């Protein structure tokens, strides 16, 4: 079962996940294909930020869902 | 105490309860067959909620009363 | 006798084998030297899928030949 | 035909029996943009604070939940800086028989209990599950700052 | 060695006999292993930067390679040179410095040093002066590419082992550079664009023979390539079209097949199109914003005085390093534009894309006879097996190229007769949702379709009209495919509307310029009303709140601007709200224009009872905002930037009314929408249109006023009927609508009375009982004739005094 993740640059990526997999598990897999450490990868679903300690079996279970990536940068003037 | 509860599709389960139980104790009687977390315990009884933290002696549940168990979609 | 096994990433490794050894024994040796579980491993010789229960002599594999190990695409 | 008379009768019912600690009404003569005012529960750090509500009724109110947002800034985990409320009956748990008075009572019940398993603000949610003395103090501090 | 490179034109005859000496002696490989590593050392150490700028040196290097490659006995064993293949732990950026083929393939004019040399001298050159700089280098780059092609092709035909060795060599480069598609890839750890662009061009030129205009050599490429596991292309982590990982693995296990070079090359060239030039174009597109960010950073520092000795020197050096970085960036952006504008190279890439589209359409064909015979026109299970297990780059690459490459007036896409091959593949993707389950790559394909159908500055038809007219497969089903994909884009949600924006342009242009599509529409509404009614409803639903979203976003932008009228996240959200406001304003105008042009010719589809009540409410709600203080008081700076022109939108809004003004149902529905109806609204609109001289005709205003008068007398009759029904019993009221029930039916769950329409609308959203949360269906209801008899009796009793 696979989910969609999208970014502010218009890049669409696919990612196969499991209900028992944690959110940090998804961040780690995205890190490999995106070069972004999980600490900067923030995900938006239904307008509410997710939690690292949670999994993918509580936020509105449904297949072919599409998450959004909000990129917070370590550094700010 | 024989109590009844029904899901969305119409399936119902039968088991025992006690007058001195709690709402989570009825919920503890729910995951023994299906396996749903106690945080998702939703009791729609005549248009008002049944709070999970309270005991059984406050929701006036009689013999063979039919409850309504719907899985939760919390978050947001 | 020694053989050469080539990976999708370009790793070239040697392995002492015998004509009557089972392919699963070869995968066990590959796991011993690299830690890749045998079920995940998938060997290709002469562009043909291999079988665990067969031997090297069954597939006419000469010594110092080239093998193509394809890691079966793991899920997420 | 579909929306006006329902809102009119719901307004008339609250006009007959106003809520004790709450008060709601339309903004001017625009029937589809109301305003509600509530007073915090005594058994809570939100007591003594008055909050106004921003209400936007959709064209299909009798079948879709309203869009209601807070106006006053409140130190609460389920309420963001935009005044949005993380509540259940404002979502797929909506029922056509529910009235706006019941929705305002549910707002007060949420203010009383403050369900933390819905983290609209992660920092306040972490604060509530670790030490009450800072959450309760900050709630009254921001009530004094804003809800006066 | 040094003198050999310096004077290769004199040693070309003396050393040739030395090379031939070892051919007959069988010891050629020793000298091959002795010379080429020495040449690599000379290019790396003795010359700090072996690039295109030193015209003397690489011309001699290419001459040496041409001298060596011609010999047939040498090219067959050329792959045994020490260091020919890279290391297993070799870094992706070290391919071009520790390989025999490395430095020579890196010869490209898009390098940083060449850009600094030929662009950094003057930064504000004119458009005419710009083309000369590019053309001074494009011809030389063509010679370099031709010579590299000549070398590599002779490596191909040298022997059977050489073609496998080179495919392995390219596979190891392709897999190490999968991060080129990333948002911020490690440019210092990945391969340069110049090293990979030449490689991408070489394989495309390799594809020229068996991608001929006869398309008869199309069978040389195996359509059954991905049934067997790939030994060169790493498919691990690569998304398939309409198959997940487990089904793909089992399909590898299912059906358990010899490798061939033609198919090995034809799918490696696509990988290089995607992860190569596909990443290069995304790298160049972000140059327009990084320069803007760096200019602000440099501007901020320039206002600071420098007194502290330790800090003043640091500040002075910070400005100089950023000046050099800005020089390099502005040189690179200008160099890449000229590289991309060279038509002699881009025509070949686009022709290859057309041939690959032909090949893909042949694969989709169940008879596999597409280039000769035309094809005839849940989702994953019914998808074709060969098509479903293919990866997702074979579509993403060409679409990214065509989207990016279309922004130039010098585009190869324009006036290319072979273009229609890609369009048939795009329409095929449009028709059947079984082919791809991904709606996002579909949105990119549709946006590319929107770009292709944009009218030019001279208002002439775009470069796609001829193919939309003169393609027998497209004109059969383009309309239905677009209408079907409009409603599925539904599956916050700040991106489901941009696809609707792209669909709107295509719909309006096709309705304008193509009368055959003007017949297919109307035929769609008259013989397939069920399909088209859903499209009408989907367009109507979003249009209610697009204006609300635009008004909220413009107010947000104004508030953020006044915040800075007194940190950078506020500017970021200003840009984010500006883009969403622009999208809202554009899509609302496109929806209204489509409504106008559709109510112009088929008003009968707009008067159905299932949309007539929604349409009047939506139109009235939109009208009140435009004529009310909300739009007037919102004074947006440069309204043409956001396409926010309520004056221009009001004309279409009123034309929607007058087009439907000849229907009594539409007149009645508007008068029954008390939510947003007022006779003064049209009176205000009269003066608003009068402000814009010549925008609205006097007869146009007269028709609008006649419609307003008819609606006003209709509502006066309605309120006359309303006043004669005063006090009413509570039992004759709908417990959810609080009105008199026309057709009261009994709920089986809660045993309460409800109107048929009320419960029908509720069940249209959820199949649950409003009163006790019990499951409920339309077939579970029970009519209440006894209560309707009393309703009639009470109505007649009230008629006894009226």
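The first chain written gets the first letter, and so on, giving A, B, C, D and E; residue counts start at 1 in each chain.
Quick note on the criterion: a contact is a pair of C-beta atoms (placed from the backbone, for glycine too) under 8 Å apart; a residue touches a chain by one contact, two chains touch by 3 or more.
Chains that count as touching both chain D and chain E, per the definition above, are A, B.
For the pairs B-E and C-E, the larger set of C-beta contacts lies at C-E. Taking the mean of each chain's C-alpha atoms, the chain whose centre lies closest to the overall C-alpha mean is E. Taking each chain's centre as the average of its CA atoms, chain C and chain D sit 66 Å apart. The centroid of the Cα atoms in chain A and the matching centroid in chain C are 37 Å apart.
One finds 28 Å separating the Cα centroids of chain B and chain D. Averaged C-alpha coordinates give centres for chain A and chain D that are 31 Å from one another. Residues of chain D found to touch two or more other chains are 86, 95, 97. Along chain B, residues 47, 73-76 each make contact with two or more other chains. Residue positions of chain E touching 2 or more other chains: 237, 245, 771, 773. Chain E meets chain D in the complex at residues 544, 613, 617-618, 621, 672-675, 735-739, 761-762, 765, 770-771, 773. Considering their complex, residues 39, 47, 73-76 of chain B touch chain D. If you check the complex, the residues on chain D that touch chain E are 1-6, 9, 32, 59, 62-63, 95-97. The residues of chain A lying in touch with chain C in their complex are 15-18, 21, 29. The touching residues of chain E, when paired with chain A in their complex, are 178-179, 181-186, 237, 239, 244-245, 392, 437-438, 440-441, 444, 491-492, 495, 567-569.
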